[PDB]
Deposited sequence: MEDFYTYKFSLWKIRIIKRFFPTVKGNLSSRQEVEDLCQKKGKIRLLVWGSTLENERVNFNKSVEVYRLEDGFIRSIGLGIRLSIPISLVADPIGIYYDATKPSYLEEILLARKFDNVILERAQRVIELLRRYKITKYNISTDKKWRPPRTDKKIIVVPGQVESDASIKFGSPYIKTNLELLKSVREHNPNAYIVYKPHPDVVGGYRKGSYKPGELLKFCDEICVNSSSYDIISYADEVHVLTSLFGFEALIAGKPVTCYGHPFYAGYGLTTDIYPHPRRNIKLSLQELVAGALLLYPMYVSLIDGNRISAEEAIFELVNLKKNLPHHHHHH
């Protein structure tokens, strides 16, 4: 009777059980959470993303809430998740409230050994992964799905791709702006971007770019690993740490971090990793090795 899930689908419950083998039951309403809590003194609730904030539901302090989300490595370039994020304080894309990732990076107790792995992971990612000929600075803007939670709780001002593309052009009047729209979703876009790169190879649009300008896209964290300068127009999890030139300052972040500190925190300590083959907990490096040995 260790963990409970909040409004998870059956398929999602089985996936979560890989990371939490002690999942016991699925609570389907706030009343069921309150009834079970005073029945057992305290409960551990598994919630997905900003589900509680979207419902404006708050529980007493005896309901320990874990906010779940997909990992970072399963997504950045290289279906059944190999990585899972379990945040007991908040969630990484919510810049309005503290997150456990933010507390890790602030405490920044990173010994010499974990900095080595972070440098190995950076080198590993860069290796496991059209362009206009002009004199202008090449700027790339990855579009997002506007209904995403990272824009709602992670962008303090800009909320649309059009406002992003607008704001990008206002700050860069002469640069060559190419808009890469999000796959999962035109005439007014071209009034601020030069061309619209509708396909060819995401991560291999980064290498042709001089700078990457994003709102809250995880795409910008991949650009940091690739070493390309990135400007943030919102407040993603990698913003505020001086690695990115932030348009709007983060109201709660003062620390200047290195790329290894960011990687060691965001990729190595923050998310969980479970092997796809045997189901055991593995390191972020073994997770990359498994995904790398999966494609060939």
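Peer 1: What portions of the deposited sequence, indexed from 1, have no corresponding C-alpha atom in the structure?
Peer 2: Those parts of the chain that were deposited but carry no coordinates are 1, 80-83, 135-146, 203-212, 324-332.
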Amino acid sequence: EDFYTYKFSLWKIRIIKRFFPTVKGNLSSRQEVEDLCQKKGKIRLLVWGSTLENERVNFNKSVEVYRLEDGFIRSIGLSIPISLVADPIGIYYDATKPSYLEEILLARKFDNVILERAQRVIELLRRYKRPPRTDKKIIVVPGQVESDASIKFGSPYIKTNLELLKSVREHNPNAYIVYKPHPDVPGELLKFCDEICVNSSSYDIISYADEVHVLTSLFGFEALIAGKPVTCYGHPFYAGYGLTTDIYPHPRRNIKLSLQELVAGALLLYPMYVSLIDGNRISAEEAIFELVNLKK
From here on, numbers count along this sequence of modelled residues.
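Peer 1: Quick check: 213-221 versus 68-76, which has the larger average CA B-factor in the record?
Peer 2: Mean C-alpha B-factor is greater for 68-76.
Peer 1: Averaged over C-alpha atoms, is the B-factor higher for 55-63 or for 230-238 in this PDB entry?
Peer 2: Higher of the two, by average CA B-factor, is 55-63.
Peer 1: Check the PDB entry and point out which of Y208, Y157, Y100, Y93 has the largest C-alpha temperature factor.
Peer 2: Reading the PDB entry, the winner on C-alpha B-factor is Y208.
Peer 1: Kindly indicate the residue among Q119, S167, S202, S150 with the greatest C-alpha B-factor in the PDB record.
Peer 2: That would be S202.
Peer 1: Ordered by C-alpha B-factor within the chain, which third holds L243? Give me lowest, middle or highest, please.
Peer 2: According to the entry, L243 has a C-alpha B-factor in the chain's middle third.
Peer 1: Can you tell me which third, lowest, middle or highest, the CA B-factor of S50 falls into for its chain?
Peer 2: CA B-factor rank for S50: middle third.
Peer 1: Tell me, lowest, middle or highest third: where does the Cα B factor of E163 rank within its chain?
Peer 2: Middle third.
Peer 1: Is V113 in the lowest, middle or highest third of its chain when residues are ranked by C-alpha B-factor?
Peer 2: It belongs to the highest third of the chain when residues are ordered by C-alpha B-factor.
Peer 1: Going by the recorded CA B-factors, say which third of the chain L124 sits in, lowest, middle or highest.
Peer 2: It falls in the bottom third of the chain.
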